[PDB]
Structures are given as C-alpha cells and as structure tokens.
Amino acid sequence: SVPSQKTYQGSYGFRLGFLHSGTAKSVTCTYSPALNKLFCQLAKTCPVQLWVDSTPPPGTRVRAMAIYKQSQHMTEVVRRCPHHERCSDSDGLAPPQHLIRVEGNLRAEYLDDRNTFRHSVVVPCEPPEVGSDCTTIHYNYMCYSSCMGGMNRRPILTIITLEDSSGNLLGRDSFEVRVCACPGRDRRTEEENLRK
C-alpha cells in the first residue's frame, strides 16, 4: 500500500505556497521551485502556506504525511531513526517516532494508522487572519535525511491533503524534502546539478 501523490486542487482550489528565503549559508529552511523540494535543518520551523480559491466547510482538516520518493522504498513507513526516536525531545503531543510535527498548534492530532502503520499529523483548517490571504502551518522535521537506520539518505516526499471531517479527500499537493545541515548550500548544489 502506497498513498497517492497526485496533485489535486479539488473544488476549493487547494494548493501550497512557500516563502522566498534564499540560499545564504545561514538559512534554516528554503524551498526550490525548480526542484519542488524543501531543504531544511533538523527540527527548525518550516512555514508552509495553504491557499484556496473558496472557503471549505467547517470541520475541514489538513494532513501531512511523509513517504519515500523512490518506488522500491515506497511501501516502507517513514519514521524517525533508532537514535532520534529515543532522544527525549517530546513536545508533549507528538509521538517520539513521528518524523513530521506541527509547531505551536494545540489542536494538532497525530495518527498511527491502524492498517498501514503510517504516521501523519492533522490540524483543523483555519481561515487567514484579517489582512492575510493565506494560512500558514509551521512544520518540523525531526530526523536528518542521512540518519542511519531511518531515512538513511533516501529522499522523501511530504504529501499535504485537504480532508473533510470524515477524512475524505478534498485536495492534495506534495513536495520533496531534504533535512540537512546546510540547506542553502544543498539547494544551490542540486539546482546547479539540474541546470547542468
């Protein structure tokens, strides 16, 4: 079993957005449109914007889940490595095995799927504040892409789904993620590799 990664705007015109953070050595999170890939440091804030063309119903939620990008690994659950799942860095809500956390939202819920064993984190879909045109969720990634016994250098995607109150699909978007010590340098390197 493998979750779908097909982009689907749905009835509400759902899609993600990312800030323009640049590639300076000091950057902690930076998004490459050319690669559709987020580069971020371990456990640092990753702002992900949610955009819609029309307001979804009360009770709509937004779920995040990681899968391996390579087909030969897609059936393996993405989880924290044997070190990080034991490192006592709980925020009081996220299970220590979960790679993806939501920062600063007490209504976040963490799911261990009873059938697929996959992890996800889901929040209620809140309207933009007055003066804003979108809503932002702040994610944290709690292992490096290189962590041995976990991701082990394998690339991952994050799939963001807009869901109704029953969990039915309303919209879907996705992006690759690399969790690394120097996201600005790695984004520059990979964009150069793509250009060459």
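Residue indices: 1-based, along the sequence shown.
Undergrad: Hey, which bit's got the bigger mean C-alpha B factor in the entry, 95 to 103 or 120 to 128?
TA: If you average the C-alpha B-factors of 95 to 103 and of 120 to 128, the larger mean comes out for 120 to 128.
Undergrad: Taking the mean of the C-alpha B-factors per stretch from the entry, tell me the winner out of 65 to 73 and 130 to 138.
TA: Comparing 65 to 73 with 130 to 138, the higher mean C-alpha B-factor belongs to 130 to 138.
Undergrad: In this PDB entry, which of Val27, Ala34, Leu42, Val48 has the top CA B-factor?
TA: Within the set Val27, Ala34, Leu42, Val48, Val27 shows the top C-alpha B-factor.
Undergrad: Relative to the other modelled residues of the same chain, rank the CA B-factor of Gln9 and answer lowest, middle or highest third.
TA: It falls in the middle third of the chain.
Undergrad: Is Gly22 in the lowest, middle or highest third of its chain when residues are ranked by C-alpha B-factor?
TA: Highest third.
Undergrad: Tell me, lowest, middle or highest third: where does the Cα B factor of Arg178 rank within its chain?
TA: CA B-factor rank for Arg178: lowest third.
Undergrad: Classify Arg80 as lowest, middle or highest third according to the C-alpha B-factor given in the PDB entry, relative to its own chain.
TA: It falls in the bottom third of the chain.
Undergrad: Would the CA B-factor of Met151 place it in the lowest, middle or highest third of its chain?
TA: CA B-factor rank for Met151: middle third.
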